[PDB]
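Q: Protein chains in written order, with the entry's author numbering: chain A, 148 to 244; chain B, 14 to 303; chain C, 502 to 556; chain D, 202 to 251; chain E, 98 to 242; chain F, 669 to 723; chain G, 3 to 58. My questions all concern the structure below.
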Amino acid sequence: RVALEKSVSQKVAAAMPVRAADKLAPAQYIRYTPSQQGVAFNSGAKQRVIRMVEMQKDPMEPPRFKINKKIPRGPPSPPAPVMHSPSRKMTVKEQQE
Amino acid sequence: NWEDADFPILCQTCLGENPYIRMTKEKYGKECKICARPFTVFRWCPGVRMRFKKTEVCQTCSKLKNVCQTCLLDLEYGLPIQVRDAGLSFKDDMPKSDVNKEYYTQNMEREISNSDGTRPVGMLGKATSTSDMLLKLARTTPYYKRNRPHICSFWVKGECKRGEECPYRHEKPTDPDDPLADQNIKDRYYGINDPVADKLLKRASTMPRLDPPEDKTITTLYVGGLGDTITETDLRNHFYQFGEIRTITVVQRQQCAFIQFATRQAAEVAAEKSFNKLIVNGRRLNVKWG
Amino acid sequence: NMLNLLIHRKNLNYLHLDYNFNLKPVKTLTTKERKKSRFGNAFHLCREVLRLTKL
Amino acid sequence: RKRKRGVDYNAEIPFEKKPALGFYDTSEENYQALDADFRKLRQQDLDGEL
Amino acid sequence: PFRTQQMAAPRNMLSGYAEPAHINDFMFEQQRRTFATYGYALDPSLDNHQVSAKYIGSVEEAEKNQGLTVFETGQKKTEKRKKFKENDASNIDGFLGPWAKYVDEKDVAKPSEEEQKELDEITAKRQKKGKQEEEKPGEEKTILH
Amino acid sequence: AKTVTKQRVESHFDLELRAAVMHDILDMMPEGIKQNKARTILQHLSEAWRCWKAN
Amino acid sequence: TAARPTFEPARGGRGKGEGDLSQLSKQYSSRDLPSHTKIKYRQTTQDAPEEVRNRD
RNA sequence: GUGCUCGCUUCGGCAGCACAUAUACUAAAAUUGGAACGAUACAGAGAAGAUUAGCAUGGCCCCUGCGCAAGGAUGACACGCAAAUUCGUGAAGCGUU
RNA sequence: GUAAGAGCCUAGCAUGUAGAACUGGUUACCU
Ligand SMILES: [Mg+2]
Ligand SMILES: [Mg+2]
Ligand SMILES: [Mg+2]
Ligand SMILES: [Zn+2]
Ligand SMILES: [Zn+2]
Ligand SMILES: [Zn+2]
Numbered sequence: 148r149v150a151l152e153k154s155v156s157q158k159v160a161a162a163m164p165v166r167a168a169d170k171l172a173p174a175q176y177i178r179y180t181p182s183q184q185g186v187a188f189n190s191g192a193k194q195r196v197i198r199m200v201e202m203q204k205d206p207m208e209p210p211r212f213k214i215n216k217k218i219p220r221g222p223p224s225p226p227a228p229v230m231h232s233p234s235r236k237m238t239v240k241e242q243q244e
Numbered sequence: 014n015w016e017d018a019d020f021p022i023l024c025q026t027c028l029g030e031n032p033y034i035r036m037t038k039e040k041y042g043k044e045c046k047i048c049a050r051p052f053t054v055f056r057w058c059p060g061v062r063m064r065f066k067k068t069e070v071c072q073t074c075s076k077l078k079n080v081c082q083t084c085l086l087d088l089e090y091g092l093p094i095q096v097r098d099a100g101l102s103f104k105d106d107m108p109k110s111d112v113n114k115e116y117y118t119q120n121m122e123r124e125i126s127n128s129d130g131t132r133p134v135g136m137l138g139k140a141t142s143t144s145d146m147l148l149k150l151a152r153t154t155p156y157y158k159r160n161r162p163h164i165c166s167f168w169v170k171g172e173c174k175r176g177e178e179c180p181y182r183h184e185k186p187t188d189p190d191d192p193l194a195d196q197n198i199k200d201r202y203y204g205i206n207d208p209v210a211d212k213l214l215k216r217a218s219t220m221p222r223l224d225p226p227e228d229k230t231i232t233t234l235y236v237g238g239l240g241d242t243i244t245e246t247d248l249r250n251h252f253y254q255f256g257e258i259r260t261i262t263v264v265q266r267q268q269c270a271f272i273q274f275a276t277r278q279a280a281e282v283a284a285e286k287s288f289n290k291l292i293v294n295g296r297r298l299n300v301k302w303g
Numbered sequence: 502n503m504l505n506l507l508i509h510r511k512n513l514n515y516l517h518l519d520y521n522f523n524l525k526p527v528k529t530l531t532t533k534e535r536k537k538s539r540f541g542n543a544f545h546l547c548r549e550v551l552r553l554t555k556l
Numbered sequence: 202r203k204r205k206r207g208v209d210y211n212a213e214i215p216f217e218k219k220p221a222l223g224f225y226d227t228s229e230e231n232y233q234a235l236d237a238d239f240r241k242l243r244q245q246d247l248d249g250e251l
Numbered sequence: 098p099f100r101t102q103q104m105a106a107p108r109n110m111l112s113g114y115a116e117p118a119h120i121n122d123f124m125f126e127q128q129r130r131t132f133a134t135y136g137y138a139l140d141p142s143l144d145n146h147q148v149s150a151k152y153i154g155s156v157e158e159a160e161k162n163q164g165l166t167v168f169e170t171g172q173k174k175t176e177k178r179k180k181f182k183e184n185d186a187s188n189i190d191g192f193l194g195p196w197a198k199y200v201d202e203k204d205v206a207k208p209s210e211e212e213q214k215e216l217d218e219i220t221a222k223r224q225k226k227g228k229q230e231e232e233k234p235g236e237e238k239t240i241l242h
Numbered sequence: 669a670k671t672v673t674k675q676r677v678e679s680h681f682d683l684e685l686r687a688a689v690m691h692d693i694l695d696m697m698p699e700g701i702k703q704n705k706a707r708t709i710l711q712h713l714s715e716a717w718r719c720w721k722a723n
Numbered sequence: 003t004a005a006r007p008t009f010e011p012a013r014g015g016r017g018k019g020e021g022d023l024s025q026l027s028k029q030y031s032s033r034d035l036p037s038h039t040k041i042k043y044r045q046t047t048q049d050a051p052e053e054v055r056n057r058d
């Protein structure tokens with residue numbers, strides 16, 4: 148139920164897109180290890196800390212990109228083995244009837 | 014589908030020379046320069062006199078081809094994709110025509126989002142077998158001339174009214190009568206007719222390399238720069254890898270060691286492994302034919 | 502400005518919104534141009550509300 | 202040429218599925234292409250007799 | 098031996114390991130402006146050798162200026178640039194309070210005497226590719242067969 | 669997903685009846701029958717309804 | 003020809019709520035407005051599941 | 001920059017301290033490609049004779065509409081040598097074992 | 001006898017991109 152309600156909220160957010168229009172400043176930190184070490188890269192360091200602020204959205208701005216573009220259905224997931232029985236033998240008489 | 018993944022996939026010559034970065038995250042900011050689907054654009058400034066670089070391609074289009082999202086160079090080596098596929102195979106064959114491209118992108122996006130989220134989904138097994146010529150021209154230290162503000166086009170008309178305050182460079186642009194000037198995004202990304210990669214391959218082809226055994230069945234190796242500080246007991250300990258080793262003549266006066274193997278295939282394999290690579294006891298051992 | 506940026510984004514250069522929010526065709530339209538340039542109650546409600554406020 | 206699709210047919214393989222691979226090495230072998238013979242060949246000759 | 102530098106590193110998504118930190122804002126931006134102003138800062142890596150405290154940058158200027166930050170009173174104080182001043186706001190078309198340009202450096206920067214001609218040449222090189230002018234070739238061509 | 673309002677009612681009934689008959693003949697045939705012949709049985713259903721209306 | 007039956011229906015999963023909510027469209031109908039935003043539950047006299055559990 | 005400095009100490013300069021602490025999709029651009037439903041020529045409404053109401057079906061076709069209404073020629077497209085696994089009888093003539 | 005293919009013709013709406021890879025070489029024995 149906790150997993151479902153989140154997806155519900157993300158769907159329902161379209162139904163009222165702008166009622167008390169949104170707020171965004173949880174500016175957060177992330178520690179990152181370049182996996183490139185051999186140092187001439189940070190300056191001599193092994194990690195780097197990055198402060199992420201989310202870009203502030205314009206209230207008065209329409210959707211940006213074309214979404215109506217339409218493409219055919221991709222391949223389905225790999226076929227399952229069919230697991231039937233040996234198969235009943237069929238007669239000429241019943242095949243004709 | 015949208016892309017929407019946190020914290021981009023970046024190299025170290027674009028992420029900056031400062032270990033303290035402030036970047037902004039825009040949720041569906043631009044469209045991808047390849048995929049043409051919208052993705053999460055991250056904008057940071059590397060250093061002080063830099064350009065505010067941003068990611069150009071999707072997380073997905075970098076997971077396909079193991080590249081950085083803004084320089085479009087290999088995360089491990091720092092080279093164009095045509096050079097790395099030259100030093101590998103080319104079995105991806107990403108479509109370039111329209112409907113095929115969006116169809117392939119949809120299916121590979123389902124493939125990646127039906128997996129872990131850590132490996133270069135097709136490039137992994139071929140990325141095991143590496144260390145071709147690309148390692149001998151891999152860039153050692155970052156080229157921070159990439160992160161650099163463009164030529165002031167008002168200064169080209171001699172009319173830059175900002176003068177000393179303009180954050181764009183007042184220096185010469187490159188002569189357009191140059192192969193190293195055209196450089197489309199998709200040409201750099203698919204590995205097709207990239208002139209930077211052409212010049213890197215022309216340099217790596219004229220890199221010094223093995224010669225064949227000119228006369229038949231001769232396995233004789235002519236070792237110059239042998240050195241008088243090393244021992245022949247370590248030579249066999251390095252050399253029993255290849256096969257049935259025959260006699261090893263040693264001349265420590267000209268610093269030349271003569272080597273014979275069973276088959277000429279083993280001598281060619283030793284030529285492959287040894288030439289211009291092998292440094293034992295911290296001292297370069299040169300091997301030649303004749 | 503909003504209403505005729507909506508007009509000019511739809512490439513309807515043969516319509517003209519005057520300064521009192523009257524929408525008139527500049528020329529005599531074909532059937533295809535007339536079907537392309539039919540607006541709905543949203544556009545005309547906003548246009549007539551703006552007519553009342555400009556009065 | 203002004204159309205969205207359509208040039209995708211000769212340029213590459215249209216909605217290409219690679220054959221699923223396994224248990225037998227299928228990388229060395231390859232097929233020999235068609236002899237052109239562009240001095241006898243007819244549109245009727247490729248499609249065959251209806 | 099069947100893994101590379103990227104494949105042997107403890108990575109989380111294709112280029113390394115990324116984990117949420119909780120550094121204090123002031124100290125973070127302090128070391129950030131310390132590197133952006135002078136060229137050195139303390140190391141935010143959490144092990145790297147597990148001994149005391151190393152500086153990561155242009156470490157030669159770090160000991161020269163004692164390892165100071167931007168929030169602290171500096172050692173050097175010399176060679177100030179000279180600017181105009183008219184803080185009165187009483188003379189019209191003479192006031193420039195904080196909009197005071199320096200006395201030495203000035204506005205529009207033409208490149209040079211030769212650089213302009215070279216840029217004219219490079220625009221002319223661009224012009225020959227656009228191409229649009231084509232005279233009707235009346236050049237005569239004859240001889241005696 | 670267009671709604672079945674008033675002008676789609678009879679067409680949708682005939683669209684769904686035909687699908688029900690498709691399912692029933694796929695399940696009614698025994699194990700080794702050639703799995704063609706759906707179209708012919710649907711033609712017979714159309715004919716039986718026209719003979720029903722024709723008495 | 004033009005007049006023809008179906009013999010295959012349309013498959014769901016490729017539009018407006020199907021995979022990424024049509025990549026998060028800002029289009030919504032009047033019928034998609036907030037309405038009946040509170041589930042009623044069965045009370046003690048109605049047929050609450052505690053009342054229905056002990057019963058023979 | 002301002003102020004306090006029982007700072008040198010004049011009303012000039014300097015010293016210390018306090019407060020104040022990191023804008024910018026960085027352009028007045030250079031470029032770079034794609035579109036319109038208008039003319040201009042050819043062209044002319046689906047249902048086995050003709051004249052025709054329509055309602056659907058399917059998706060790498062969309063348009064007007066706020067529309068899960070409704071229209072767009074029933075909006076258009078759909079017209080196909082429509083061949084998918086898998087064979088056998090009987091008699092006669094000729095050559096062969 | 002239509003305002004649509006087709007099909008031509010001329011058109012103009014979006015971008016402010018990513019990128020520039022450039023250096024090394026010796027010779028010698030017995031019949
Ligand atoms: Mg209709
Ligand atoms: Mg009709
Ligand atoms: Mg229809
Ligand atoms: Zn992409
Ligand atoms: Zn990069
Ligand atoms: Zn400038």
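The beta carbon of each residue, even a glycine, is placed where N, CA and C say it ideally should be.
1) So with Cβ pairs under 8 Å, would you call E201(A) a contact of chain B?
2) Given this structure, state the Cα-to-Cα distance separating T131(E) from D190(E), to the nearest angstrom.
3) Taking the continuous beta strand (DSSP E) assigned at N299(B), which residues delimit it?
4) Mark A99(B) as exposed unless 16 or more other C-beta atoms lie within 10 angstroms of its C-beta, in which case mark it buried.
5) How long is the line joining the alpha carbons of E30(B) and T154(B), rounded to whole angstroms?
6) What residue from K114(B), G237(B), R182(B) and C179(B) has the CA that sits closest to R50(B)'s CA?
7) Compute the beta-carbon to beta-carbon distance between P181(A) and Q25(B), rounded to the nearest angstrom, for a pair I have assumed lies under 8 Å.
8) In whole angstroms, what separates the C-alpha of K199(B) from that of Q265(B)?
9) Can you tell me the Cα-Cα spacing of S112(E) and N189(A), whole angstroms?
10) Quick check: the Cα distance between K40(G) and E53(G), rounded to an integer number of angstroms?
11) Within 8 Å of any Cβ in chain D, is that where the Cβ of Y203(B) sits?
12) Report yes if the CB atom of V205(E) is closer than 8 Å to the CB atom of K174(B), and no otherwise.
13) Helix, strand or coil, according to DSSP, for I292(B) in the structure here?
14) Looking at the C-beta of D201(E), does it have a partner C-beta in chain A at a distance below 8 Å?
15) Could you check whether the Cβ of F20(B) sits closer than 8 Å to any Cβ belonging to chain A?
16) At a CB distance below 8 Å, what residues from the stretch 682–696 of chain F approach chain A? Give them in sequence order.
17) Considering only heavy atoms of ligand 4 and the C-beta of each residue, which residues fall inside 7 Å, strictly closer?
18) Given a limit of 9 Å on CB to CB distance, which residues of the stretch 25–55 of chain G reach chain A?
19) Tell me the rounded alpha-carbon separation between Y210(D) and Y116(B).
20) Which one of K76(B), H163(B) and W15(B) has the shortest CA to CA distance from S27(G)?
21) Select from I125(B), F65(B), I47(B) and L23(B) the residue whose C-alpha is nearest the C-alpha of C81(B).
22) Between the C-alpha atoms of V112(B) and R206(D), what's the straight-line distance to the nearest angstrom?
23) For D111(B), go through chain D and note every residue whose CB falls closer than 8 Å to its CB, in chain order.
24) Between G303(B), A284(B), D17(B) and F252(B), which has its C-alpha nearest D228(B)'s C-alpha?
25) Taking the straight line between their C-alpha atoms, what separation do you get for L150(B) and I205(B)?
26) Could you tell me whether the Cβ of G15(G) comes closer than 8 Å to any Cβ of chain B?
27) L504(C) and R548(C) - do their beta-carbons sit closer together than 8 Å?
28) Start and end of the alpha helix (DSSP H) containing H509(C)?
29) When the Cα of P93(B) is compared with those of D207(B), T187(B), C58(B) and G237(B), which residue comes out closest?
30) Report yes or no: do three or more beta-carbon pairs, one from the stretch 117–132 of chain E and one from the stretch 116–134 of chain B, lie closer than 8 Å?
31) Could you tell me whether the Cβ atoms of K46(B) and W57(B) are closer together than 8 Å?
32) Of the residues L223(B), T246(B) and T242(B), which one's Cα is nearest the Cα of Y235(B)?
33) Between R148(A) and chain B, is the shortest Cβ-Cβ distance under 8 Å, so that the two count as touching?
34) Does ligand 5 have a heavy atom nearer than 7 Å to the CB of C27(B)?
A: On the basis of the data shown:
1) Locating residue 201(A) in the first sequence gives position 54, counting from the first residue. So yes, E201(A) belongs to the interface.
2) Walking along the fifth sequence from the start, residue 131(E) turns up at place 34. Walking along the fifth sequence from the start, residue 190(E) turns up at place 93. Approximately 40 Å, taken between the alpha carbons.
3) By one-based count along the second sequence, residue 299(B) stands at place 286. Per DSSP, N299(B) belongs to the beta strand (DSSP E) from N299 to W302.
4) Here residue 99(B) refers to the residue found at position 86 when the second sequence is read from its first residue. Buried is the call here.
5) Indexing the second sequence from 1 puts residue 30(B) at position 17. Indexing the second sequence from 1 puts residue 154(B) at position 141. Near 11 Å, if we compare the C-alpha coordinates of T154(B) and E30(B).
6) Taking the first residue of the second sequence as position 1, residue 50(B) is located at position 37. Ranking the options by Cα distance to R50(B), first place goes to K114(B).
7) On the first sequence, residue 181(A) is found 34 positions in, with the first residue counted as 1. On the second sequence, residue 25(B) is found 12 positions in, with the first residue counted as 1. Right, their Cβ atoms sit about 6 Å apart.
8) On the second sequence, position 186 is the one that residue 199(B) refers to. On the second sequence, position 252 is the one that residue 265(B) refers to. In a straight line, the C-alpha of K199(B) is about 56 Å away from that of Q265(B).
9) To locate residue 112(E), count along the fifth sequence from 1; it is residue 15. To locate residue 189(A), count along the first sequence from 1; it is residue 42. Each residue's Cα considered, the two are about 14 Å apart.
10) For the purposes of this step, residue 40(G) is identified with residue 38 of the seventh sequence, where counting begins at 1. For the purposes of this step, residue 53(G) is identified with residue 51 of the seventh sequence, where counting begins at 1. Straight-line Cα distance between these residues: approximately 23 Å.
11) The residue you call residue 203(B) lines up with position 190 of the second sequence. So no, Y203(B) is outside the interface.
12) The residue given as residue 205(E) occupies position 108 in the fifth sequence. The residue given as residue 174(B) occupies position 161 in the second sequence. Contact flag set, yes.
13) For the purposes of this step, residue 292(B) is identified with residue 279 of the second sequence, where counting begins at 1. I292(B) falls in the strand class under three-state DSSP.
14) One-based indexing of the fifth sequence puts residue 201(E) at position 104. Output row for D201(E): interface = no.
15) Start at 1 with the first residue of the second sequence, and residue 20(B) comes out as number 7. Judged by the 8 Å Cβ criterion, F20(B) is in contact with chain A.
16) none
17) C45(B), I47(B), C48(B), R50(B), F52(B), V70(B), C71(B), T73(B) and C74(B)
18) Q25, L26, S27, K28, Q29, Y30, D34, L35 and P36
19) The residue you call residue 210(D) lines up with position 9 of the fourth sequence. The residue you call residue 116(B) lines up with position 103 of the second sequence. Distance between the alpha carbons of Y210(D) and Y116(B): 14 Å.
20) Within the seventh sequence, residue 27(G) is the residue found at index 25, counting from 1. Here the closest residue by C-alpha is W15(B).
21) Sequence index remark: in the second sequence, residue 81(B) carries index 68 (1-based). Among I125(B), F65(B), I47(B) and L23(B), the Cα nearest to that of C81(B) is on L23(B).
22) Taking the second sequence and counting its residues from 1, the one referred to as residue 112(B) is at position 99. Taking the fourth sequence and counting its residues from 1, the one referred to as residue 206(D) is at position 5. Taking the straight line from one Cα to the other gives about 7 Å.
23) Locating residue 111(B) in the second sequence gives position 98, counting from the first residue. Those within 8 Å of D111(B) in chain D are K205, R206 and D209.
24) The sequence position of residue 228(B) within the second sequence is 215, counting from 1. Measuring from the Cα of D228(B), the nearest candidate turns out to be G303(B).
25) Reading the second sequence from its first residue, position 137 is the one you call residue 150(B). Reading the second sequence from its first residue, position 192 is the one you call residue 205(B). In a straight line, the C-alpha of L150(B) is about 20 Å away from that of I205(B).
26) The sequence position of residue 15(G) within the seventh sequence is 13, counting from 1. Answer no: the Cβ-Cβ gap between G15(G) and chain B never drops below 8 Å.
27) As a working note, residue 548(C) is residue 47 in the third sequence. As a working note, residue 504(C) is residue 3 in the third sequence. Yes.
28) Stepping through the third sequence from its first residue, residue 509(C) is reached at position 8. Note, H509(C): alpha helix (DSSP H), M503 to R510.
29) Along the second sequence, read from residue 1 onward, the residue named residue 93(B) stands at position 80. Checked all of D207(B), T187(B), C58(B) and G237(B); the closest Cα to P93(B) is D207(B).
30) no
31) On the second sequence, position 33 is the one that residue 46(B) refers to. On the second sequence, position 44 is the one that residue 57(B) refers to. Result no, Cβ atoms of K46(B) and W57(B) do not sit closer than 8 Å.
32) Locating residue 235(B) in the second sequence gives position 222, where the first residue counts as 1. With distances taken between Cα atoms, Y235(B) lies closest to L223(B).
33) Your numbering for residue 148(A) matches position 1 in the first sequence. Not an interface residue.
34) Translated into the one-based positions of the second sequence, residue 27(B) becomes position 14. True, at least one ligand heavy atom lies under 7 Å from that Cβ.
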